[PDB]
Amino acid sequence: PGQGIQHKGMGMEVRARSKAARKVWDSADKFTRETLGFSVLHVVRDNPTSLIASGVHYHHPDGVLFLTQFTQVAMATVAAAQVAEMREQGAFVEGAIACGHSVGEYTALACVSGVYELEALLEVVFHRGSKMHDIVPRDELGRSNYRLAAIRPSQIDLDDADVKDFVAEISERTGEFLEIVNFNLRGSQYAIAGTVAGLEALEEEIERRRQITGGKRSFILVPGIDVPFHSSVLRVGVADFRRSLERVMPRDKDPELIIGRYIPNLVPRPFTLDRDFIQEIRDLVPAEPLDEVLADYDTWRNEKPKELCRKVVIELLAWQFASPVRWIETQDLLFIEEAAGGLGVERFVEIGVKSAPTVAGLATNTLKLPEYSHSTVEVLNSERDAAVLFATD
Amino acid sequence: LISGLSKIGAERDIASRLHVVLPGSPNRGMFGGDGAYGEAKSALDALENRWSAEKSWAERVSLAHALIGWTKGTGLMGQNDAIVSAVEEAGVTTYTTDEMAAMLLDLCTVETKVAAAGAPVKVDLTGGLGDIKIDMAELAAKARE
Amino acid sequence: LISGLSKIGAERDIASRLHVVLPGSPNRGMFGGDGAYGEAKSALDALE
Amino acid sequence: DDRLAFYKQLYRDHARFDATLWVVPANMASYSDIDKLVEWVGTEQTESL
């Protein structure tokens, strides 16, 4: 799962019991204390207000745990520790296909494929948080001319193509900026960022289009997000983060654990290293390291493949900043791959403790509407369903 | 008090070094007339050892040692005020409160702050009262008398 | 204790000098491992 | 208040921009005071209405 459901003392019960959880937390907490002069344990355990770090000063009236430079770190460590325990009990299956939503994708790769050290994971994730704060213009009050909004196309007869249409029209019409940021659920969840007036005009449209609306149905504005990220406005700051990734993500890694198991955001379809796949990336995200590899695929000599996967993996993570996260396609893709590979019993488990109910509830409603085919499916959450995860009952 | 602010700094997790200026008494052992300052503040050298011993105190607290020389206040030293000129005749310096305050701030400058972060800084703010050959058995008592 | 035996000596009026051997710890500051002796006994110079 | 008025006099003279002064009753002889004071010095910076 992604950010925003994080709670004070999340997964702190597991830390007191599991040994694997302690090693994940303490190795992470020690590094942060020595390098950046602060502890993630304290932040998670009791939520502070202001914090001063090495070069930076973070102040929030509510909590620092809800600040992204921290929140992402907390969320990543919580999940990484929970999976480690699941791995210690051997409950992790050898053929498990894994994916993540936004910041959760970094944890996904960390847990299943071990693509970075525990301290290495919290480096990228922390810096990615600090990178998300300085990207967009602000006022004296820290105001934004933009915002984000959550759409539900349902309750009326409207489709994904109908939503895309209406948004594209009002985007061109007013001359303002309106972008569909997140494709989450087929007929259920969509996120949209751009000019506030554009968000308002779009809110207005469905209220007019839907015949039954007296209450401004189907539209939820997002508090706290001032950045129209995952739109066409963010593509500038990738190159600096693309280098930062290559520093913290070296070339000795497991290709297979990622391939076919991992579903990027920028790329809705499963990771595989092929001339076909690398091209799909370039099309969505034009890039210098990628376009050359596509130009000559005749580099076939066996020294390449791992080195190829290592850059392709980083390209997906670096430009994940820019490209919209497709959760719809991620879910639907799983159906596509199963159907071609057989439909027999599947178990869907979400990890990260209290973040687990979200994308499961996202899956649950998705398992309903397109998936009506009557399949045996199990939706399991680390927070809620733990008795089922460890099979103890 | 040092331990208390060390806990807060560690619990709330700051790497910021609290600079504690230790109000050391000037030049212990070469004055017999103070009766209070000279003896009490000599264990500050032993306190600098505690920080040099305890490992985790470095990030929370830095020890800046300042020896505060002869400094003229009205209330306590109202007897000592007249012989301030007399002691100053030995080629030694007695300080006004504003002068000594300035000496204490200079330890709080960025240059000397970083110096304290690398290692404990012992500063002599005394006016040369250390090599003083003036007999305190007389020139202090008589002054007080 | 020193003051106590000083009173007795003065009250009962003896000029006899009580020799108090002060159990000083060896060479303060050049050992960091004792942890007790080295620091405590350096004030015996102040007691002198 | 005679001590309280003095620090007000001292502040209104020597205060620059960005300058904030805090005056409190305190006793360094009390361990309770020390613990209570820094527990006050270290907590939030927040005012709940």
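As stated in the entry header, the method of structure determination is cryo-EM and the reported resolution is 7.50 Å.

Once that is clear, we can look at the interface of chain A and chain B. At the interface, 6 residues of chain A touch 5 residues of chain B. Of the roughly 500 Å² buried between chain A and chain B on both sides combined, carbon and sulfur atoms contribute 56%. Summed over the three residues of chain A that lose the most area to chain B, namely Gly-37, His-42 and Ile-52 of chain A, the buried surface amounts to 58% of that side. Summed over the shared surface of chain A and chain B, the result is 0 salt bridges.

Our next topic: the sheet that holds strand β7 (residues 219-222) of chain A. Consider a sheet: its strands pair through backbone hydrogen bonds, and that pairing is either parallel or antiparallel. Residue and element names in this part refer to chain A. A sheet is described by the order of its strands in space; here 5 strands give the open sequence β7-β4-β6-β5-β9, paired in mixed fashion. The open sheet has two free edges, formed respectively by β7 and β9 (325-326), since each of these has just one partner strand. Bridging between strand β5 (residues 178-183) and strand β6 (residues 190-195) involves 5 bridges; their strand directions are antiparallel. Bridge pairing in β6 places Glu-179 opposite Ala-193.

Time to look at the packing of aromatic side chains. Aromatic ring pairs are described here by two measures, namely the spacing of the ring centres and the angle between the planes. All names here are of chain A. Taken as a whole and judged by the stated rule, the model has 10 aromatic pairs over all chains. On the numbers, 5.8 Å between centres and 80° between planes, the contact of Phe-183 with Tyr-190 is edge-to-face. Classification of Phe-183 by relative accessible area gives partly exposed; the value is 22%. Judged by centre distance (5.8 Å) and plane angle (40°), the ring pair of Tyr-262 and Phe-271 falls under tilted. The two residues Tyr-262 and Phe-271 agree in class, both being buried. Taken together, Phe-38, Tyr-58, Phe-70 and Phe-126 form an aromatic cluster joined through their ring pairs.

Residue and element names in this part refer to chain A. Between its first and last C-alpha atoms helix α2 (residues 19-35) spans 24 Å; for 17 residues at 1.5 Å apiece the expected length is 24 Å, and the two agree. Of all the positions in α2, only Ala-20, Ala-21, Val-24, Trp-25, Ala-28, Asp-29 and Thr-32 are classed as buried. Seen along its axis, α2 keeps its buried residues to an arc of 155°; they face one direction. Structural note: α2 exposes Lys-19, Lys-23 and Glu-34 on the side pointing more than 90 degrees away from its buried face. Contacts from the buried residues of α2 go to α1 (12-17), α3 (40-45), α4 (68-88) and α6 (118-133). Capping of α2 at its N-terminal end is provided by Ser-18; its side-chain oxygen lies 3.3 Å from the backbone amide nitrogen of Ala-20. Immediately beyond the C-terminal end of α2, within one or two residues, lies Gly-37, with a positive phi of roughly 70°.

Attention now moves to the arrangement of the chains. The interface with the highest contact count, out of 3 pairs of chains in contact, is the one between chains A and B. Chain B shows no contact with chain C. Their nearest C-alpha atoms sit 7 Å apart.

What follows is about the pairing of strand β10 (residues 346-350) of chain A. All names here are of chain A. Relative to strand β11 (residues 377-381), β10 runs parallel, the two being bridged by 5 bridges. For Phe-348, the partnering residue across the bridge sits in β11 and is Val-379. You can see the chain leave β10, run along helix α15 (residues 356-368) and come back into β11, and the turn it takes is right-handed.

What follows concerns the packing of α6 of chain A against helix α9 (residues 238-248) of chain A. Residue and element names in this part refer to chain A. Where α6 meets α9, the axes come as close as 10 Å, and the angle between the chain directions of the two elements is 170°. For the element pair α6 / α9, the angle class is roughly antiparallel. In this structure, α6 crosses over α9, and the sense of that crossing is right-handed. Contacts between α6 and α9 involve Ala-120, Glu-123, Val-124, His-127 and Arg-128 on the former and, on the latter, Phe-241, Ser-244, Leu-245 and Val-248.

Okay, α9 of chain A next. Since there are 3.6 residues in each turn of an α-helix, residues three or four apart along the chain are aligned in direction. All names here are of chain A. Among all positions of α9, only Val-238, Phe-241, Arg-242, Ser-244 and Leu-245 are buried. Along the axis of α9, the buried residues cluster in a sector spanning 160°; they form a single face. Seen from the buried face of α9, the exposed residues on the opposite side, beyond 90 degrees, are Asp-240, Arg-243 and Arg-247. Elements that come into contact with the buried residues of α9 comprise α5 (104-113), α6, α12 (288-295) and α13 (304-318).

Calculation notes
- Residues numbered from 1 in each chain as written, not as in the entry; some residues may be left out.
- Chains lettered and ligands numbered in written order.
- Part of a larger assembly, values for the part shown.
- Heavy atoms only, no water.
- Contact = heavy atoms within 4.5 Å.
- Buried area = accessible area lost by both parts, 1.4 Å probe.
- Salt bridge = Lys/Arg side-chain N within 4 Å of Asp/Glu carboxyl O.
- Pairing = 2+ DSSP bridges.
- Helix = DSSP H or I, 4+ residues; strand = E, 2+ residues; numbered from the N terminus.
- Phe/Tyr/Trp six-rings, centres within 6.5 Å; stacked < 30°, edge-to-face > 60°.
- Buried < 20%, exposed > 50% of the residue type's maximum accessible area, 1.4 Å probe, protein only.
- Expected span 1.5 Å × (residues − 1).
- Arc of directions from axis to C-beta.
- Polar contact = N/O pair within 3.5 Å; in protein donor to acceptor, adjacent residues only side chain to side chain.
- Right-handed = clockwise from strand over helix to strand, strands pointing away.
- Axes fitted to C-alpha atoms, helices over the stretch in contact; angles between N-to-C directions.
- Parallel < 35°, antiparallel > 145°, perpendicular 65-115°, else oblique.
- Left-handed = near helix turned anticlockwise from the far one by under 90°.

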